[PDB]
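Coordinate-derived values only; no laboratory data. Neighbour counts run over all protein chains shown; Cβ positions are idealised from the backbone, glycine included.
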Amino acid sequence: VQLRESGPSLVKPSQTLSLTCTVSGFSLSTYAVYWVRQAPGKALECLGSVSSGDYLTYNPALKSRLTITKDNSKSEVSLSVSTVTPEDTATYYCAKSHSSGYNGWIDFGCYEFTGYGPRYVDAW
Amino acid sequence: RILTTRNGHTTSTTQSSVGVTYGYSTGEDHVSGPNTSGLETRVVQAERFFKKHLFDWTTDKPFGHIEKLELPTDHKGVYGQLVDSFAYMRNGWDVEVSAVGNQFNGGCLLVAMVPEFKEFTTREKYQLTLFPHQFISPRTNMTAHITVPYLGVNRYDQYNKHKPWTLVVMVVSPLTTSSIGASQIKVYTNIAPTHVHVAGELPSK
Amino acid sequence: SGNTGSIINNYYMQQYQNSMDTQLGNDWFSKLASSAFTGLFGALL
Amino acid sequence: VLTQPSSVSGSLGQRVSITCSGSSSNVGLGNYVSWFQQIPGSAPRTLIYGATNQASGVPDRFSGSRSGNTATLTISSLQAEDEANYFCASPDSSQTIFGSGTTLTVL
Amino acid sequence: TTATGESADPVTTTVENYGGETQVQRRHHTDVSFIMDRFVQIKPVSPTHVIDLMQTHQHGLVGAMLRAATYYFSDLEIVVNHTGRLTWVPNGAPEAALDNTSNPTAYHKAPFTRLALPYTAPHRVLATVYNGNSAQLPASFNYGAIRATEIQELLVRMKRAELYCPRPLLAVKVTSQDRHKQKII
Amino acid sequence: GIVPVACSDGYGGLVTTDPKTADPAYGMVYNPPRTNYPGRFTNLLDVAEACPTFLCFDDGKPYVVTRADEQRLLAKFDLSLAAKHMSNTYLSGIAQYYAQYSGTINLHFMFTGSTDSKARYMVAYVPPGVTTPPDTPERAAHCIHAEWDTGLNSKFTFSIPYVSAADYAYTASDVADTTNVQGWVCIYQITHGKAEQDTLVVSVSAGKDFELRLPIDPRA
């Protein structure tokens, strides 16, 4: 169970970018994938989470600049950050949950990253 | 202010109940209708409380963390056997949900019965109080009792094909756990079907 | 009634203009909003 | 925002404790803190999930406990090979916040 | 007034509470028949467009104010702008019956043609959200199915509409401001 | 001053089902008078209710022959009016035009065998809550059913109760829905004595509470 992400090169400021996180030996129908990035010299920052039942949660600040799409059959998660700025330069991680994560439209950061007993985190 | 309800032969008394709230009606609409041509027989062996466990109210869950139970839920009781053996049945939902806390933790939880429940949008959750509902908080009442008459487009609808009422529990305020207060609060529902009728006896295997 | 405002008996009978309605021999939210606890709850000064 | 010491140095064979300082809104809100150890140039591993239970496939030497508003990750008999950056993932109000991170050096 | 407020008792407090006086209210324009008896455009209209509500755009007046109620019941007054003979069938008719001209058809009048088709669905009262299949709402809910050579526009008007079981109405989202701040007339 | 009509636009176009009568283009003519003419029927439904019609079956024969094998179910058919078994019957034909129907449907079974041959038949109506109707009468005994012995009175009439989630059920089953809108009706022969090569005639007629509405004219 390994996660592989594909990222572009330098993206010009004021453009979008599409990163695709390709799961392996993984359900994506009973598990959830999150998107976390680390701007250098800063702490990690939850971008957004896609649950098992394709319900999405987004970082309140980077919300409206960001979309996340999941396809269970093709078994790949996608991230599209619109309006890229020089501040958004970072290394972008995708993670696994240990549970489905909230199938609601909760509106929190990830919402499940360190929730309770059942759902915590999985091999990035 | 105790309240000692009763359904069939089981009773549930809560000494912290704040009041029964009827949803959309007080008494169910007429039962013998153009359909079933009078083949409906009111079953009463099925008005019985059946416990169900729900989400363990934990402080981690933020505002808008709705937990939904669809009624009627899988039942191993007489009512569960009745839905399997009867093609069409109608019953009042009468949902009762009790969350027990030490009362030193302040958390506001909204429990509502919503007909034709749909994934509710985050913005819709703010306006979720329109449906019959009660607020469960450790500070005053640990038990919420809601009585809702069964309402459906058809007079009788097969429960397996479609379920009209889904109990929804929403954490309006994240539980404020304190050293004196309970670390986490569980949420159990004492649901009971009321005015349960059936029709069209269905052949068993 | 609704948005009808013409002061004249409708030309067509009810059966043809609208779908006649049957009964089985209300306004719950008006009942609710009317049974609405108003005023104070304790002694006023 | 889950501030942690920039650099923590522990002599090999000596127990080392990493402290993640958090506010009442996030770390203090509940005992649901996740600790992630990330080796430079590789994906991070969740050493502790829920702040009281070691994750499956993780060494038993790591011990996790949270008191008040501060969550502390303790490593016993720390080894030079296992040295890596440590992040104290926790849940804030309306978002998930991750600790700045602590650099681990073995003398 | 400090009610119990966790028993969900409608407690409405008037301005008399603090030496005021509450005026008279006239709520004719927020009645649920007068606010529904106005037309609304259904898009997109193809030939054999099944004439059911909830095709109306979510945010339009009759659209949202309807989705604010689970179960609705109304008689329509359809307004079609077609290019040929326009046939409407009761909600149960097979699609084949849309060409047979003995069921209600309206011949091209020069402008659009206005027809007042009754409520033909079999269900007691329709629904806006259905829970469980038969999760999409069933075919039976549709009021009626129309068909013409081509249908340019189509308006729908719910006469003697009566709604039930209210639902969230969802006013426009606003961020980074205190009011919505739209260009007013 | 001439009154201003202010005639409306987009309405008043001639409609095939429009109620308004056409303007007279000829003078009053007195037609030949018929008083109490025989066989006049005011309502189509009354004619269907008054006279039962036969149902189609394997080999296109209305009578259902006694099984020559150990099977107690002579025939099982869908309650929906647009069914192969009821396609031939007159009641389905009048009902085919109406969009939806309501009320009990009466089934008339009349034994057509020699006096020496005696058989017992059970007609059971099964609601649509199961994938398929049972092949055994005891399994189908739980649902509404009528068992009639064959004696001096050859014809036994069983009224099928109409029970459905919808108040009115569409006469024609949707192509998309493989299962019937209404539950299957099954006719069974629990006991047959010397009934080899014996035929039982079954007919279907409109019930007292049976009614139809929203009439349309689709291709038949």
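Below, the figures for the structure above:
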| quantity | calculated |
| --- | --- |
| Within segment C:23-40, backbone nitrogen closer than 19 Å to the virtual label 7 Å beyond the Cα of B:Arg42 toward Cβ | C:24-25 |
| Chain F, helix-only ellipticity at 222 nm - DSSP H runs n ≥ 4, -39,500 (n - 2.57), divided by all residues, nearest 500 | -2500 deg cm²/dmol |
| Residue among B:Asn91, B:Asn160, B:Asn190 with the largest mean-square fluctuation in a Gaussian network model of chain B, springs linking Cα atoms under 10 Å | B:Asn160 |
| Distance (nanometres) between label positions extended 7 Å along Cα→Cβ at F:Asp18 and E:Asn133 | 4.5 nm |
| Inter-chain shielding of D:49-57 (mean C-beta neighbours from other protein chains, 10 Å cut-off) | 3 |
| Formal net charge of residues neighbouring E:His28 (Cβ-Cβ distance under 15 Å; K, R +1; D, E -1) | +1 |
| Label zone at A:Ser64 (point 7 Å along Cα-to-Cβ), backbone N below 20 Å, segment A:6-20 | A:14-17 |
| Residue order, fewest to most surrounding Cβ atoms within 10 angstrom, among B:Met113, F:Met122 | F:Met122, B:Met113 |
| Peptide B:55-63 - average C-beta neighbours from other chains (10 Å radius) | 6 |
| By average C-beta atoms within 10 angstrom, highest first, the peptides C:5-14, F:175-184 | F:175-184, C:5-14 |
| Principal semi-axes in Å for chain F [√(5λ), Cα gyration tensor, largest first] | 45, 23, 13 |
| Highest to lowest packing among B:7-14, B:144-151, scored as the average C-beta count within 10 Å | B:144-151, B:7-14 |
| Set of segment F:95-128 residues, backbone N closer than 15 Å to the point 7 Å along the Cα-Cβ line of F:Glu211 | F:99-105 |
| Under the Debye formula (equal points on every Cα, no solvent term), log10 I(q)/I(0) of segment F:21-74 at q = 0.13, 0.16, 0.17, 0.20 Å⁻¹ | -0.69, -0.82, -0.86, -0.95 |
| Rounded FRET efficiency, nearest 0.05, which uses the C-beta distance separating D:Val1 from D:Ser77 and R0 of 25 Å | 0.20 |
| Global geometry of segment E:62-118, whether rounded, prolate or oblate, following the gyration tensor of its Cα atoms and the 1.5 cut on a/c | oblate |
| Among D:21-27, B:163-169, C:28-34, F:202-208, the order from most to least packed when residues are scored by Cβ within 10 Å on average | B:163-169, F:202-208, D:21-27, C:28-34 |
| Ellipticity estimate at 222 nm from DSSP helix runs (n ≥ 4, -39,500 (n - 2.57)) divided over chain E, nearest 500 | -1000 deg cm²/dmol |
| From the C-alpha gyration tensor of chain D, square roots of 5λ in Å | 22, 13, 13 |
| Cα gyration tensor shape for chain C, rounded if a/c is under 1.5, else prolate or oblate | oblate |
| Ellipsoid semi-axes in whole angstrom, largest first, where each is sqrt(5λ) of the Cα gyration tensor of chain E | 39, 20, 16 |
| Spacing of the two label points (7 Å from each Cα toward its C-beta) at C:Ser30 and B:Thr4, in nm | 4.1 nm |
| Local net charge near E:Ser46, Cβ-Cβ under 15 Å (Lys/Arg +1, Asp/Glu -1) | -2 |
| Evaluated over the protein assembly as shown, the Cα radius of gyration and Dmax, each in Å | 34.2, 124 |
| Segment F:135-213 versus segment A:1-22: alpha-carbon centroid distance in Å | 65 Å |
| Between segment E:147-185 and segment B:158-194, the alpha-carbon center distance in angstrom | 33 Å |
| Counting DSSP beta bridges with both ends in chain B, the antiparallel % (nearest 5) | 95 percent |
| Ratio of the Cα radius of gyration of segment A:4-96 to 2.2 N^0.38 Å, where N counts its residues | 1.04 |
| Long-range HN-HN contacts of B:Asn105 with modeled amide H, under 5 Å | B:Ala182 |
| Average beta-carbon neighbours from other chains, 10 Å sphere, peptide E:81-92 | 3 |
| Label-point separation, E:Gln25 to D:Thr103 (7 Å along Cα→Cβ), nm | 6.6 nm |
| Cα extents of segment F:70-113 along the three principal axes, largest first (Å) | 40, 19, 19 |
| Alpha carbon centroid spacing (whole Å) that separates segment D:48-107 from segment F:88-103 | 74 Å |
| Sum of side-chain charges, A:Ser99 neighbourhood, beta-carbon under 11 Å (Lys, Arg +1; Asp, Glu -1) | 0 |
| Amide hydrogen neighbours beyond the local backbone of B:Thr166, cut-off 5 Å, H modeled | B:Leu71, B:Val114, B:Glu116, B:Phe117 |
| Full-extension gain in nm, A:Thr89 to A:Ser27, via 0.36 nm per residue minus C-alpha separation | 19.3 nm |
